[PDB]
Structures are given as C-alpha cells and as structure tokens.
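The residues making up each chain are set out below.
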Number of protein chains: 2
Amino acid sequence: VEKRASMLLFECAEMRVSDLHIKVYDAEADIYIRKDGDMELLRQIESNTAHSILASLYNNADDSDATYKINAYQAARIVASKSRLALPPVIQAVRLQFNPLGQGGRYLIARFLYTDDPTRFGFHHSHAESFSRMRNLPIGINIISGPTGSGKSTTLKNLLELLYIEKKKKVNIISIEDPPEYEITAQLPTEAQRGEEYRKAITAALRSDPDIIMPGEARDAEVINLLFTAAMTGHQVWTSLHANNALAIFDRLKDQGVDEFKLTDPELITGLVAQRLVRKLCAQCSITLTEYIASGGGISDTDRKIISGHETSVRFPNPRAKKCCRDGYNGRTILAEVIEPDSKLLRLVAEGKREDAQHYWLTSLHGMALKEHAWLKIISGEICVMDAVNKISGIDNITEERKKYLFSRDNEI
Amino acid sequence: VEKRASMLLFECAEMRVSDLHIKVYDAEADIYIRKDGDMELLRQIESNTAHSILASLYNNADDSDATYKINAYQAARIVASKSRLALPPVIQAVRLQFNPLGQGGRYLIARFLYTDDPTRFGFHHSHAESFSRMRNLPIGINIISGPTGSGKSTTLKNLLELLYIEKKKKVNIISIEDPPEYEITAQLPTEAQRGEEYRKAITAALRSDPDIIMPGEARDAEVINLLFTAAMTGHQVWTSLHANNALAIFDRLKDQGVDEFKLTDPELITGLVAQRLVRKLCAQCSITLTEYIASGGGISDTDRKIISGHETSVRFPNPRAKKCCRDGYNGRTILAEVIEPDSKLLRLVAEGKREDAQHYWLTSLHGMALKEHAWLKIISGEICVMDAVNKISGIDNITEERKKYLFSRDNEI
Ligand SMILES: Nc1ncnc2c1ncn2[C@@H]1O[C@H](COP(=O)(O)OP(=O)(O)NP(=O)(O)O)[C@@H](O)[C@H]1O
Ligand SMILES: Nc1ncnc2c1ncn2[C@@H]1O[C@H](COP(=O)(O)OP(=O)(O)NP(=O)(O)O)[C@@H](O)[C@H]1O
Ligand SMILES: [Zn+2]
Ligand SMILES: [Zn+2]
C-alpha cells in the first residue's frame, strides 16, 4: 500500500531518524529506526503489510528490474521531483537496499538522505585555533576522517562559511557534491556512471581556476591522485575520508597509491582532523553519581577508574521523562583530534614506527588526542561515561600524570 | 538400495558422527565413522551392497553428471527440502566426495553438515577477560584460528549471544553464513558460484550500516581485503581462519596480500584466538597413575616427564564401560590461546624475527600459550596426557620455572 509507506516516511521525517530497517520473519515484521547514534525498535507490524509496502517501495523506485527477487539481493534509489509516492519536501533521496532473510524473508535498509552557531559546535578552543590557522594557509590539503555518523559534511559547510567571512570574496570557491545536501560557491552536481560523472566534474573544476577545490568525499584512487596533484599544483583542498585516530589516514592513503614521497612534505598535508559524534546529556535533568547509584546504578571497574578523582563532577542521564527534552539527551557533540603535521612527525610516520610518533605529537607538539577530549567532557559533565566508552576505546588507559596535566591546562586557561 | 542408505544416515545422525568414510576393496567394504576427534571402524559390509548404496547416493544427489565414473573423481551435494532419500531433520546438507581406489574400488567421504552454558566452555578465566575486553572495543578485527575440528562456529555464536546481552540491542548486527548452521541479526544466506554469491552478500552487507559484520570463514583473498578495508572504515569484524599457534595467522594473511602496513597497527588487529578441541575424561570413572599402571599401563618417557611433580593429580580413562558415559569420555573441551596485540609485539612480528616476540608475549604481556593451558588441564585431571600430546606438540618442552610460575599463579587466584 502506497498510503502506509507514505505515512511511514512522513513519521520518520518528522521524528528525524537516520536509517530505517525492516526485517520480515513471516510471522511479525520488525521496524527499527536509527535515531542519533543508537538503534531502537519502532514497531511490530504484520508480515503481509510489510511485504506489500516493500513491494510498493520497489515498484515506485526509479531503479527496478521488474522482478521482486525474494531470493536475490537488490538495490534501488528514489529521487525527488519524480516520485508517485508523494515524498515529503524534507527528504531529497532515499537509498533502498533489499536483502534475503532466511526462507521467504526480506531486509530493507533506507538511508534517508535529507536536503537540509558560526563556530564552537563541540570542538575545543585549541581545535578552533588550529582551524583558523589552517584556513589562513593558502596552499595545502586537509583531510577529515571518522566513522559514518561523524558529521564531516556539517564541519566542511561551517568551514566554507568561515572561509566566506574571512576571505572577503577575494578568492574563487568551487564545491563538487554529487548529492546536493544543505546550503553551501559553484555547487557542481549505476555506481560506475556516478563515479565517472564525479571524475568528469572534478576534471572540469580543475580546468578552471579552482583556488579552493572543496571536493566531496573520496571513493576512488584516481580521484585522490587528482586531488593530490592539484594540491601540489598550488590549490587548496578540503576533502573528507573514512579513517580513525587521525593517523590511519596515511594507512588509508598508502593503500590506494599516494606513495611515500607525497606524504612526507609538511607543506602539502596541512592538517588532519578525526572526529566522532556522541550524545549530550540534558543540562536541566542531570543527576550525580550518588543519585545514579541510588536507583538502579550499574557501574563497571573501568568506569569507576575513569570517574575516580572527579566523582562529584560527573553527571548521568535522568529518567522519568521530564518536561524538557525527550529522554535526558539533548542533541550530539563532536569529540575530535586535530593535528598540524611537522617534518619530524611525518618522517616518523612514513617510517612506519607507530611508536614515539604519537608520543612526539602528544609531548613535543602539545597535541591532544580524542581520548583526552572525551575524558575532559566526561569530567565536565557534558556527556555520559557509558556512551563515551561505547563510542571510544582506551579512555581508561590515560595515566594519572596526563590527567593532572590536562586538568592544570584546563584550569590555567 | 535407498532404504539401507537411509538407515545408515539415521544411525549416523543418532550416533552423532562428524564424517563418514566408505572404502570398497571388491571383497569387503570398510565403513568408518569420525566420532569426536578420533576415527573408529563401524562395520564390514559387503562390496555389492556398498556399491549399490554409493550409486544410490550419487543418483539422488543434487549434482550429478549421469555417469558414475568409477575411474574418475567426483563431488556432489545433497540439500534438505528437496531429497527423495528422506533425509532426517537433524542433517541439513551432506557433502559427498567420491574417489577411485585401486582397481574398481570406491572411496566415499561424507561431511554431514548439521542444522543444529552462556560462557566458560573450556576457556581459562584470563581468556574470558580478554573476550570481554575485545567485546567492549567498538572498532577492530578479530580472527579465530585452528584446525578443522576446532569449533570456531560455536565460539562465534556464543560471542554473538554475549554481544546481544551486552550491547542492549543498540547496534546493528549482520551475519553472513552461506550454509545456515545453528541459531544465531540478519542471517544472510559450483564453488565459483558460491564464492561469487558470498562476495555479493558481503558487498551488500557493506552497502548498509553493518556496525558488526560477523563474516563466515575467509576463503578468498578479495574477501579478506574487503574485510580489512571495512575494518579500517570503522566497523567491527569477527572472522575465522585456518592457522596455528595464533601467530601463523599473520603468515596466512601475508600469503594472500594483506600487506605489512595493515598488520602493524594494534588498533586494527584487536585480538587473535587459536583453539583446539580435545576429549575430556569422565569425572565419575577416573583412575590414578598407580591404577593405570596396575593393569596394562603404558607410559612413555616424555609422558613421565610431564606427569612428574604432580603424579597423584593426573587422571586416566577407566575401562570396562560402567553405567555412566560411553567409554570413559564425556564430551570435548577447548584449549586456546588469546593474544591482544601491542605495538612492540606487532613490530617484532612484522620484522619476521619469530624470536623474542613470543618471549615478549609470554613475559612482558603475561600471555599464556596453548601448551601451558594443555599442561594445566593435564595437572587438573580434566584431560588425559596421551590425547593432549597427540593433539598438541611441545608440552614436554616447558621448563620447570615456567611450570612453577603457572602453579603459583593458579594457586594465588
Ligand atoms: N554538533 C553536531 N555536529 C555535527 N552534526 C550534528 C551535530 N549535532 C547533530 N548533528 C547531526 O549529525 C548528523 C550527521 O551529519 P552528516 O554530515 O550527515 O555525517 P556524514 O559524515 O556526512 N555521514 P556519511 O556521508 O554517510 O559518511 C547531521 O545530520 C547533524 O544534523
Ligand atoms: N566445548 C565445545 N566447544 C565447541 N564445540 C564443541 C564442544 N564440545 C563439543 N563440541 C562440538 O564440536 C563440534 C565442532 O564444532 P564446529 O563449529 O562444527 O567446528 P568448525 O571449526 O566450524 N569445522 P569447519 O567448518 O569444517 O572448519 C561442534 O559440533 C560441537 O557440538
Ligand atoms: Zn532534560
Ligand atoms: Zn564415566
């Protein structure tokens, strides 16, 4: 039924979920939504209605092979301005993935791409200073790394507005994003055809005077090679990648053929940012450790080790669903690490040491990693310890001297 | 005759054997079964009846070339829900391998794939702690290694239930197993076609949001490359491999093209497990060393060296087939080694030293190898020394200081 699918899509748009999952078990079908970073169960619908709405979603999808193919895997895309499903204006495009499940079952995954203050989202002040210093440099390449729900596009858009303000419209800015998402310059619009179109758009942007290229993501190795050659040509590149800890970026680049002599130059690789998104506790409804352990308190030994020393400072989510917010959580915040490479740091990284290179960054360069930022926001009470240790590993490995140094540097500023 | 083959399959299912071997010598045919880890002789059947039942098994098999091909090698598969042989519900699929044997003889091998408490199967407490620590980490790749009868699928299923309990259904779990074996998430279902289907299923699982990928085995190099790229993308992988001693995993990976820069990072390779299955003595019927040597005692010099120091503690199988159990053995237990890699350990392994790297793991990392666990279960009396030295080599090479340290660490806990 088209109507039930339309109501489901409107409900998911108004509730602002990220992904939608539908699992059919031939008795009852589970409908799950991905709100913020955690998954939750939406509904237990009937199997026949779920099969009907999945069939309708496949039929009104733009890509279809005229076979439902219960036993076979399928992919499809629904694009706005041509849709009999009467899509809401909030959702621009929906990417549907259909998978077989057991015997006569279906698994539908929907990505729900959306078509929709100047600074200090969740970053530290040192990260803001590094961002300003990186924006002041005319020549270089910047790479943003993290998992899928990092929010790299929002950071790139905010940096683009900051470049608008700072540069006084004296430079040319080009933006090459195949899916138009959010206001952002010249917005330049199967998988192989999309990749070929993206490569053609990048080449056409390079034929003109790009100054700042601002590419969208980096899937292919040829794309990254073209971006690197344009960066050594004399332009500025702000790209995004999938990596961890702001040092696996080099591992993700050497896998595709960037070669070691390009990554050694500190003038080329201007900055590296690795960020993650975690849920933020509501400020109106927060409880102390004693109030948390008073009613159903569950704390592990590592969590107790992290809290120890600042037991009164930490905060926990408040149950009972008070008037403010929804469930004691108010949005999300970014924990990030920003590195400005040096000659010695890049020389140590290129040798593949992986030891005394992170130490050099933390001690000599006065750098801060993602674990220290997560611990600082744990002590400040902005985020819960359980969410931080679920998202990030290694928080309990911070030494006492490092914690004392971080507290001293936070108090002296 | 279909009836005799049906009775043979029912007998093998009720007796719970692993593999079935039929050898034809044109005078009398040997029927052998693989119960637990050891092979034994089931029956001495007539050659004509064996040829007839093998011909019937080939004819009712799904794959057939309409030629019996006595002189040629053949392979076939029998799948449930489409079988004129009236398969028992316990057996899902049977893989038949037919080989020539001498002049006019046949060799049939049947794998007998079966379609069918929360922790502490045979693992040590340190292994359980390492398992919990590995389950707490959000990003990484875990590899389970061992011979064919290790029981890696059972360990992976138990870890999946433990992840169900721990994660509180806040993450998405996908399972990609081409043969559906045992309850386990979204269960995603010639050799080249099967490999292509497996690769397509893995790609389709990667197109959605996998979080935890949980792949089934690793046959091809492209599959392992895709798993590694997904692990550096930011997902978690629990895969199984065929290797020994938890350090030949790197040798099995470098053979297929993982490259050295991917294996150096300790944040990527989160843990390595190598396990084996040995027979456990029945607790009701156990005899001491004196009772064993009283009647038909056969002990070697190396076995005497291993037993020496704890002669009264060891136990031996009890003959005469008492009321309990079957032959003095009660099930099987796992002897395993679990390593959490470090930067120095991975640097030493990547250099190909093979010396002072195992020493670093045993001394600095306080690790325990499979030989020490086997010796500890020998001293505790859970398993027999002969089975342990048949399954595992190098038990007699443990020094006296290491044995004293193991006994002290077992007594202090
Ligand atoms: N402080 C915040 N910073 C960034 N994003 C936030 C923040 N708070 C909430 N969000 C939301 O987090 C969501 C993730 O942003 P998004 O740019 O879509 O991630 P992404 O890296 O582009 N995902 P993908 O393209 O699939 O790899 C955004 O839609 C934000 O609305
Ligand atoms: N403590 C135990 N732990 C694991 N398996 C056990 C144990 N006790 C008995 N078993 C049985 O050992 C058998 C081997 O398990 P299995 O998962 O089939 O090994 P495998 O590694 O998957 N073999 P293969 O796929 O051919 O490489 C299982 O069927 C168990 O029933
Ligand atoms: Zn609130
Ligand atoms: Zn017994």
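Residues numbered from 1 in each chain as written, not as in the entry; some residues may be left out. Chains lettered and ligands numbered in written order. Part of a larger assembly, values for the part shown. Heavy atoms only, no water. Residues with missing side-chain atoms left out of burial classes, pairs and counts.

As deposited, the entry is annotated with cryo-EM as its determination method and 2.99 Å as its resolution.

Residues and elements named next belong to chain B. Within the protein, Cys282 (SG), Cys285 (SG), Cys324 (SG) and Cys325 (SG) serve as the donor atoms for the zinc ion (ligand 4), at 2.3 Å. Viewed at the metal, the four donor atoms of the zinc ion (ligand 4) are separated by angles of 105 to 116°, and the geometry they form is tetrahedral. Coordination of the zinc ion (ligand 4) draws on donor residues from a single chain, spaced C-x2-C-x38-C-C in sequence. A residue pair is termed long-range when its members are at least 10 positions apart, and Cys285 in the loop between β12 (269-281) and β13 (286-287) and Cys324 in the loop between β14 (316-317) and β15 (329-339) qualify at 39 residues. Exposure remark for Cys285: the relative accessible area of 3% places this residue in the buried category. (Donors = N, O, S within 2.8 Å, 3.2 Å for Na, K, Ca; no water. Tetrahedral: all angles 85-135°; square planar, octahedral: opposite > 155°, others 65-115°. Helix = DSSP H or I, 4+ residues; strand = E, 2+ residues; numbered from the N terminus. Buried < 20%, exposed > 50% of the residue type's maximum accessible area, 1.4 Å probe, protein only.)

This part is about the nonpolar core. If you look at the biggest cluster of nonpolar residues, it comprises 48 residues, and the most contacted ones within it are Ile141, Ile176, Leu188, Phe228 and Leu253 of chain B. The element that contributes the greatest number of residues to this core is helix α6 (residues 221-233) of chain B, accounting for seven residues. Discounting residues that sit within four places of it in the chain, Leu188 of chain B has contacts with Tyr73 and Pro100 of chain A together with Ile174, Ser175, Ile176, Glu177, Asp178, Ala201 and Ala205 of chain B. By size, the runner-up hydrophobic cluster in this structure holds 40 residues, among which are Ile202, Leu268, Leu346 and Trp361 of chain A. (Core = buried A, V, L, I, M, F, W, Y, C linked by side-chain atoms within 4.5 Å. Contact = heavy atoms within 4.5 Å.)

Time to look at the relation of the copies chain A and chain B. With an RMSD of 0.0 Å, chain A superimposes on chain B once it is rotated by 60° and translated 0.0 Å along the axis. Expressed as a symmetry operation, the mapping of one chain copy onto the other fits a six-fold axis. No C-alpha of chain A approaches the rotation axis more nearly than that of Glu351 of chain A, which lies at 13 Å. (Least-squares fit on C-alpha atoms.)

This part is about the interface of chain A and chain B. Between chain A and chain B, the contact holds 35 residues from the first and 31 residues from the second. A combined buried area of about 2700 Å² lies between chain A and chain B, and 51% of that area is made up of carbon and sulfur atoms. If you look at where chain A meets chain B, you find four salt bridges. The closest approach of N and O atoms between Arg354 of chain A and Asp265 of chain B, which form a salt bridge, is 3.4 Å. Applying the counting rule to chain A against chain B returns nine residue pairs in polar contact. If you list the elements that add at least two residues to the side of chain A that touches chain B, you get β1 (20-24), β3 (38-46), β5 (91-100), β6 (106-110), α7 (248-254) and α14 (385-391) of chain A. If one sorts the elements of the side of chain A that touches chain B by residue count, β5 of chain A sits on top with four residues. Here the side of chain A that touches chain B is built from residues that sort into twelve nonpolar, ten polar and 13 charged. (Buried area = accessible area lost by both parts, 1.4 Å probe. Salt bridge = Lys/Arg side-chain N within 4 Å of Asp/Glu carboxyl O. Polar contact = N/O pair within 3.5 Å; in protein donor to acceptor, adjacent residues only side chain to side chain. Nonpolar A, V, L, I, M, F, W, Y, C, P; charged D, E, K, R; others polar.)

Residue and element names in this part refer to chain B. Where helix α3 (residues 125-136) contacts helix α4 (residues 152-167), the axes come no closer than 11 Å and their chain directions differ by 60°. Classified by the angle their axes make, α3 and α4 are oblique. Handedness of the crossing formed by α3 with α4: right-handed. In this structure, α3 contributes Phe131, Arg135 and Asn136 to the contact, and α4 contributes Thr155, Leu159, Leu162, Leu163, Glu166 and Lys167. Of the residues contributing to the contact of α3 with α4, the split by class is four nonpolar, two polar and three charged. (Axes fitted to C-alpha atoms, helices over the stretch in contact; angles between N-to-C directions. Parallel < 35°, antiparallel > 145°, perpendicular 65-115°, else oblique. Left-handed = near helix turned anticlockwise from the far one by under 90°.)

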